[PDB]
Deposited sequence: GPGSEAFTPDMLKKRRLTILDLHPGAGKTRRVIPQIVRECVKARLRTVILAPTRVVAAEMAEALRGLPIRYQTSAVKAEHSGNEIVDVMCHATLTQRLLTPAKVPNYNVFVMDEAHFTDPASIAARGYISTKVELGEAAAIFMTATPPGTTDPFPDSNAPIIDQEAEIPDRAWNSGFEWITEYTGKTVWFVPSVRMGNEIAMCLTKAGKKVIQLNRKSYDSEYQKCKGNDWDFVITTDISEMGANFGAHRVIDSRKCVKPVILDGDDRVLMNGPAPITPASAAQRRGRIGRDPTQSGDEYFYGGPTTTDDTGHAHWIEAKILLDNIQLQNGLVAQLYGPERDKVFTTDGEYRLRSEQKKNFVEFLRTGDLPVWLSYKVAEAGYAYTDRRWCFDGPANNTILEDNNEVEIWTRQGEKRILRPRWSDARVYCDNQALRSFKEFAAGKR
């Protein structure tokens, strides 16, 4: 990426926001994190290091043994996930007055990650912070084939989207380790079983499985990892081959639309394609790494629901000086609402936070329900919607035995495909409509 090649102490000055390139080698331990933390301790600056995932937060904590850190005495350096910071910023609970924010894998398009960049960007622009955003693919990335530590062999290829019973020998004949990016867990399951039946040992990584399964990759007893986009956020595989479907499935809100729908499988962004490719080409002493890719990229990501959701979160983060935060500069043109448009009044905000935290509902839906004045425990909104919001399962209208006693058709006032797009999501939403959590 085009970021700074190396940390310099100047980056700790107030009002500085610096992109630092990430070009990890074959080595286990990252080195740059402990250097930055040492420099923050030397400067006596109150610092948070922000990991994209719990796995990366644990790797940082291990790398930082010997430095005074608080992993979430008198420690002035905290280590936590992007989403932990954003969650704490939404609650009345005090968050430390950090001088320095270091965001690892700062390209992450999770709404909590985008909102945290906005909070950080705002504190920097106030002259109350310095920030380092570590990423090989900062906003406005267009090149899917950036320069790498080692040469990569790039090859367009037909990539299976289903189990195969002939052809694709190039996939199974390879003797090394392959990381294969798929647009869905379900398609990944089909491919995985095909490879297992062909005598391969397969690990399946996705947002749900990552905490348990990613640790299996550190051992060399596997042939394939079948992964979703979550492995774009700091996964370190001991592999020399990537297969990239070049596809994703994403939630979208059409401009001025009233609902969230899923799109795809469809082309990924250049940033995502570069991150997937960037799992390999890491060791300057090892030529011959291979990237096989199955389709084009698109820079048109403005429909992704995570942009509106990040703005919803940031409009609801109360700053102690009464300033409305803005998104990080290069992400501001992803949304078209005026600053503060989504800010909830006090009781609505309490219910919003519970919809996110205990309800496990998406940001958009949590907002719509909270803004409408429903109490967290008041599930009447799940039934009072229009006919086209009826939810169907194995092709029949879903009936809920409500807590009050009556059986009602599941027909929410607001329709978010993420709560009914598969069996597991619909089960959780039915449990919610029934008042089980």
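K.L.:
Missing C-alpha stretches, by deposited numbering?
P.N.:
Gap vs deposited seq: just 73 to 81.
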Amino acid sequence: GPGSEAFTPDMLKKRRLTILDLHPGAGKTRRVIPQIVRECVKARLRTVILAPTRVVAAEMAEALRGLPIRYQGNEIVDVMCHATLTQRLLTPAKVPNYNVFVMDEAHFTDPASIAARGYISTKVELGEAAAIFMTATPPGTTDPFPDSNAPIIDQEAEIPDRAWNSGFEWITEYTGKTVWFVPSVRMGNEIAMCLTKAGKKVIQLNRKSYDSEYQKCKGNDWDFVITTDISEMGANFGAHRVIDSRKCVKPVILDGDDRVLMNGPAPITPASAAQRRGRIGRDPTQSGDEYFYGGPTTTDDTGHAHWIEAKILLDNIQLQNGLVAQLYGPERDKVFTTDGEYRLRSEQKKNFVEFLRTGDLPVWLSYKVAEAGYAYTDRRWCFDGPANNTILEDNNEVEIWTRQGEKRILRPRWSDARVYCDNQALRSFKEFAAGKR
From here on, numbers count along this sequence of modelled residues.
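K.L.:
Using only the Cα atoms and their B-factors as the entry lists them, report which of 139 to 147 and 267 to 275 averages higher.
P.N.:
The recorded data point to 139 to 147.
K.L.:
Quick one: say whether 324 to 332 or 160 to 168 has the higher mean Cα B-factor in the deposited entry.
P.N.:
Higher mean C-alpha B-factor in the PDB entry: 160 to 168.
K.L.:
Between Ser231, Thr84, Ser121, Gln286, let me know which has the highest C-alpha B-factor in the entry?
P.N.:
Comparing C-alpha B-factors across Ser231, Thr84, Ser121, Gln286, the top value belongs to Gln286.
K.L.:
Which is it among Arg46, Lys368, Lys407, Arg30: the one with the largest CA B-factor in the entry?
P.N.:
Each of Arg46, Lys368, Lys407, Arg30 was compared by C-alpha B-factor; the highest is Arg30.
K.L.:
In terms of the chain's CA B-factor thirds, is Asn351 lowest, middle or highest?
P.N.:
Middle third - that is where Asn351 ends up once the chain's C-alpha B-factors are sorted.
K.L.:
Classify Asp339 as lowest, middle or highest third according to the C-alpha B-factor given in the PDB entry, relative to its own chain.
P.N.:
It belongs to the middle third of the chain when residues are ordered by C-alpha B-factor.
K.L.:
Would you check the entry's CA temperature factor for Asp211 and let me know if it's in the chain's lowest, middle or highest third?
P.N.:
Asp211: CA B-factor falls in the highest third of its chain.
K.L.:
For the chain shown, is the CA B-factor of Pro412 in the lowest, middle or highest third of its modelled residues?
P.N.:
Middle third, going by the recorded CA B-factors of the chain.
K.L.:
In terms of the chain's CA B-factor thirds, is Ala93 lowest, middle or highest?
P.N.:
Its C-alpha B-factor, which the entry lists for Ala93, ranks in the highest third among residues of this chain.
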